[PDB]
Amino acid sequence: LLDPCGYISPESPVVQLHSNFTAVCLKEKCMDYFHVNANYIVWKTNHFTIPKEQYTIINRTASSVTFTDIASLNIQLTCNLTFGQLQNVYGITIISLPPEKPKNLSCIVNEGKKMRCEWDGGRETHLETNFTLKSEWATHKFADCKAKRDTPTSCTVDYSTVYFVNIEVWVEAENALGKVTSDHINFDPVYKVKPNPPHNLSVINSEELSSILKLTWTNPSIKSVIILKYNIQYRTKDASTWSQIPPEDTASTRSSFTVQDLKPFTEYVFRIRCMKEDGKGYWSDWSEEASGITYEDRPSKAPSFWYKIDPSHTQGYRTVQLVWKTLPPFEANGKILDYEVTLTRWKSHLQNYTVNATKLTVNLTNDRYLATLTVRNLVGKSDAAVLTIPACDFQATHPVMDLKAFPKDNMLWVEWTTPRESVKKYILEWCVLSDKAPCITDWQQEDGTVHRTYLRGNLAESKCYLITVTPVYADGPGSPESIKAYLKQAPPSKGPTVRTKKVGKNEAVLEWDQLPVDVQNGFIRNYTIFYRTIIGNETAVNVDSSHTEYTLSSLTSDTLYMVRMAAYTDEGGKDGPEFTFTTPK
Ligand SMILES: *[C@@H]1O[C@H](CO)[C@@H](O[C@@H]2O[C@H](CO)[C@@H](O[C@@H]3O[C@H](CO)[C@@H](O[C@@H]4O[C@H](CO)[C@@H](O)[C@H](O)[C@@H]4O)[C@H](O)[C@@H]3O)[C@H](O)[C@H]2NC(C)=O)[C@H](O)[C@H]1NC(C)=O
Ligand SMILES: *[C@H]1O[C@H](CO)[C@@H](O[C@@H]2O[C@H](CO)[C@@H](O[C@@H]3O[C@H](CO)[C@@H](O[C@@H]4O[C@H](CO)[C@@H](O)[C@H](O)[C@@H]4O)[C@H](O)[C@@H]3O)[C@H](O)[C@H]2NC(C)=O)[C@H](O)[C@H]1NC(C)=O
Ligand SMILES: *[C@@H]1O[C@H](CO)[C@@H](O[C@@H]2O[C@H](CO)[C@@H](O[C@@H]3O[C@H](CO)[C@@H](O)[C@H](O)[C@@H]3O)[C@H](O)[C@H]2NC(C)=O)[C@H](O)[C@H]1NC(C)=O
Ligand SMILES: *[C@@H]1O[C@H](CO)[C@@H](O[C@@H]2O[C@H](CO)[C@@H](O)[C@H](O)[C@H]2NC(C)=O)[C@H](O)[C@H]1NC(C)=O
Ligand SMILES: *[C@H]1O[C@H](CO)[C@@H](O[C@@H]2O[C@H](CO)[C@@H](O)[C@H](O)[C@H]2NC(C)=O)[C@H](O)[C@H]1NC(C)=O
Ligand SMILES: *[C@H]1O[C@H](CO)[C@@H](O[C@@H]2O[C@H](CO)[C@@H](O)[C@H](O)[C@H]2NC(C)=O)[C@H](O)[C@H]1NC(C)=O
Ligand SMILES: *[C@@H]1O[C@H](CO[C@@H]2O[C@@H](C)[C@@H](O)[C@@H](O)[C@@H]2O)[C@@H](O)[C@H](O)[C@H]1NC(C)=O
């Protein structure tokens with residue numbers, strides 16, 4: 001390496017994005033064998049140039065160029081023509097948003113690690129910059145955190161912290177154009193603890209009381225410097241929704257705690273996070289989660305019971321079909337072990353049974369009877385079911401009454417009036433009308449009381465249900481009542497086939513018959529029968545449904561007449577197959 005003809009000042013600068021650069025520039029002899037002076041030289045720059053009238057030749061050797069103010073990202077001026085013409089002398093590289101009181105600033109003493117402090121830089125400055133974390137005990141005073149380039153805001157001190165002992169922090173921020181500090185803060189670290197989270201967690205419940213399980217576990221290493229205050233969240237294996245638990249109900253350090261009033265025999269799954277008693281300091285992460293079932297606990301309420309009664313078999317004995325429904329794994333309170341019906345008759349004598357299915361189908365006589373189904377499990381023992389299956393002649397008597405049946409909202413409903421004195425359960429069966437589908441039925445039982453219910457199978461529309469409502473009083477079932485109702489209608493599918501009867505010299509009578517159940521897809525309100533001629537204006541009448549004929553009236557003598565008549569279900573109509581008659585002369 002040798003020499004560089006001429007220098008500026010210096011090789012590098014520093015752009016304080018609003019001020020003036022004092023540049024000055026060709027040594028004593030490089031100016032000799034090239035033959036110029038301060039003159040010959042320009043302050044060029046890869047477009048136009050530091051105008052002539054702009055420079056100020058310092059001495060028989062210089063060329064000061066000052067500056068506007070300043071205006072973009074980099075910036076590279078030139079003290080780069082050899083009098084005769086044709087200087088690449090030296091040039092530089094200035095730079096282009098100073099300091100910035102660091103903002104925000106918090107610290108956390110994350111249990112386990114050392115104190116840790118965050119903040120916020122501000123706005124993209126653009127002159128690399130150095131954050132430093134401070135501190136002092138006024139007893140003494142501490143080393144300095146100095147951010148990591150690859151995370152220029154975080155920071156961890158590097159002394160173990162010392163709860164109870166106000167402490168002193170503030171971020172000192174630096175870059176090229178003037179250093180500053182932040183806004184001081186003063187704490188007692190024991191207020192920025194974030195505890196590990198509780199752990200080694202367990203659920204139990206084999207105390208054998210079916211409303212509760214009870215969790216328990218392990219407080220965090222910090223148990224012993226601060227006073228824990230928790231939140232046991234917990235939910236049902238397969239909810240999406242975490243229930244919490246009253247936080248005055250979990251207030252200070254502890255290692256156990258029983259939650260209660262849970263569904264019996266279910267799966268539950270709990271989890272907790274705790275932090276320092278009052279609330280002054282970050283809470284911690286949730287401990288793994290833990291499971292647990294609940295007691296079992298007797299089956300709570302009746303199974304559903306009824307019998308059906310085939311037209312006796314071997315003249316005397318009368319077979320009798322008992323059948324009952326299954327408790328929803330929730331009236332069950334645990335696996336169903338096996339049903340049990342006992343049977344009692346004529347003053348004094350009776351055998352029981354233990355069916356493990358649901359149709360007990362027994363033998364039986366012509367006395368009055370009375371049956372009793374219960375349902376047992378790994379604990380009990382199931383509240384009594386109860387029928388009266390009678391002496392062979394017990395008739396009707398008292399039926400329900402004022403019974404409607406209808407739909408909405410996409411749910412079929414039957415409601416009637418609460419009969420006479422006091423029925424001890426209704427038990428309404430029902431099924432679907434259609435030629436080409438015997439009658440298969442459904443049934444539900446219904447607590448005595450009630451008088452409106454939404455039947456519950458899987459039924460269909462355009463399809464038409466028959467619904468019977470039998471009430472059960474003391475000593476048997478009552479004269480039952482029955483009603484039809486589709487659940488949602490379509491407009492018939494087919495449509496009536498017309499046809500005349502007779503025909504005057506103007507005015508003839510007409511004839512149909514019924515859109516047959518399975519094609520109606522609904523309660524046929526009414527018939528519109530409309531008719532035109534060849535010149536074919538048309539017109540029409542509508543007809544009060546019940547009607548099967550008519551009497552198209554004042555027509556022409558010697559006319560071509562064409563018809564076609566639609567039938568309509570609330571839902572709407574569908575005209576039949578046009579048919580064409582014609583008066584005499
Ligand atoms: C011959 O029979 C057919 C069979 O329906 C009649 O045509 C249908 O008639 C119903 C009612 O007459 C009607 O559709 C109604 O829509 C209403 C609402 O948009 C429903 O009203 C609701 O419930 C109450 C019933 O009025 C009402 O008070 C309440 O405010 C609410 O609006 C109403 O129940 C029906 O759903 C149409 O006019 C027609 N429906 C269809 C699908 O065609 C026809 O009216 C009969 N013709 C004669 C001349 O009697
Ligand atoms: C924070 O950030 C600023 C801005 O980037 C940093 O400025 C740096 O200052 C540090 C020391 O505070 C410095 O470490 C130097 O490395 C030099 C380059 O190699 C060293 O040179 C060494 O001795 C001679 C001097 O350059 C040289 O002959 C030899 O080659 C040898 O390497 C220098 O002496 C320091 O040891 C950085 O270089 C400098 N730049 C960078 C990118 O870090 C600084 O790190 C921080 N300053 C403060 C006040 O917090
Ligand atoms: C008649 O009564 C029995 C027992 O007295 C009842 O059996 C119960 O229902 C079935 C029996 O096979 C079981 O369902 C479950 O199957 C799954 C899947 O394989 C299995 O993982 C479950 O643990 C259980 O086996 C149920 O647990 C079973 N046992 C009992 C005590 O109820 C049922 O009402 C009738 N029996 C049968 C064989 O269906
Ligand atoms: C409490 O449980 C933690 C996590 O639930 C356990 O972590 C174990 O590390 C220990 C030593 O502490 C080993 O004996 C085990 O192999 C680890 N896991 C398990 C599931 O046993 C540990 O059992 C407990 N930790 C403390 C600090 O008491
Ligand atoms: C550059 O900036 C200051 C700011 O844009 C300007 O104000 C004065 O300018 C004249 C020469 O142009 C000088 O008399 C002064 O030196 C300037 N400041 C003062 C206090 O007089 C000026 O153009 C340049 N700057 C400075 C302060 O020297
Ligand atoms: C004449 O003027 C300039 C601007 O006053 C002088 O600036 C100096 O930079 C020089 C190198 O040229 C240093 O030796 C000095 O310390 C600065 N000031 C002075 C008074 O010397 C420079 O000396 C002169 N330039 C030339 C080419 O002779
Ligand atoms: C079925 O029938 C039993 C009647 O036989 C016996 O009755 C008395 C004397 C007790 O010894 C009884 O335990 C015997 O079984 C009922 O007692 C028995 O509990 C019945 N099963 C059920 C579920 O009731």
Checklist entry - Among 321-327, 71-77, what's the highest-first ranking by average C-beta atoms within 10 angstrom per residue? => result 321-327, 71-77
Next on the checklist: I'd like to know which of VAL320, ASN333, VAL259 lies farthest towards the positive end of the charge dipole of segment 236-356, counting +1 on Cβ of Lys and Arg and -1 on Cβ of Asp and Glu.
Outcome noted: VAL320
Checklist outcome for this item: quick shape note, segment 295-434: Cα extents on principal axes in Å, largest first -> 47, 42, 36
Item to check | segment 304-381: relative contact order in percent, alpha carbon pairs under 8 Å with at least 6 residues between | outcome: 34
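Do the sum for the chain: with -39,500 (n - 2.57) for every DSSP H run of n ≥ 4, divided by all residues, what is the mean residue ellipticity at 222 nm, to the nearest 500 deg cm²/dmol? Show your work: numbers first, answer last.
Details: 1 runs with 4 residues, N = 585.
Computed mean residue ellipticity for the chain: 0 deg cm²/dmol.
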Checklist entry - Using θ = phi - 60° and the Karplus curve 6.51 cos²θ - 1.76 cosθ + 1.60, what whole-Hz ³J(HN,Hα) does each residue of segment 424-431 get, with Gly and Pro shown as x? => result 10, 1, 8, 7, 7, 9, 5, 6
Checklist entry - For the chain, rounded, prolate or oblate, judged on the Cα gyration tensor with a ≥ b ≥ c (square roots of eigenvalues), a/c < 1.5 rounded, else prolate if a/b > b/c? => result oblate
Item to check | Selected from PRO577, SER557, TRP512, residue furthest toward positive end of dipole (segment 499-582; charges at beta carbon) | outcome: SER557
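How big is the dipole moment of segment 258-366 about its Cα centre under a simple scheme where the beta carbon of each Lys and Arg is +1, that of each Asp and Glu is -1, and everything else is neutral? Debye, nearest 20, please. Provide the component values of the computation, followed by the final result.
Details: 14 positive and 13 negative charges, 150 e Å.
The dipole magnitude comes to about 720 debye.
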Checklist entry - Sorted by packing (mean other beta-carbon atoms within 10 Å per residue), highest first, where do 419-432, 535-548, 499-512 land? => result 419-432, 499-512, 535-548
Next on the checklist: Whole-Hz ³J(HN,Hα) for each residue in segment 472-481, computed from phi via Karplus 6.51 cos²θ - 1.76 cosθ + 1.60 with θ = phi - 60°, x for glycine and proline: what do you get?
Outcome noted: 10, 10, 2, 10, x, x, x, 2, x, 10
Item to check | Amide proton proximity set for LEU433, modelled H, under 5 Å, gap of 5+ | outcome: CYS464, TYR465, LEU466
Checklist entry - What are the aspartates and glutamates whose alpha-carbon lies under 18 Å from the alpha-carbon of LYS237, with same-chain residues fewer than 8 places away excluded? => result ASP261, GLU267, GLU288, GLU289, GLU296
Item to check | Within segment 304-381: Cβ-based charge dipole about Cα centre, in debye rounded to nearest 20 (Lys, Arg +1; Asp, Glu -1) | outcome: 100
Checklist outcome for this item: In this structure, among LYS263/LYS359; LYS463/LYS501; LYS214/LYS381; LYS424/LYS488; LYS308/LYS424, pairs with alpha-carbon gaps over 22 Å are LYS263/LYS359; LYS463/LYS501; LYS214/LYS381; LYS424/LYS488
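Taken together, the values in this text are just the output of simple stated rules run on the coordinates, not laboratory data. For neighbour counting, all protein chains shown are included, and Cβ atoms are generated from backbone atoms with ideal geometry for every residue, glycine included.
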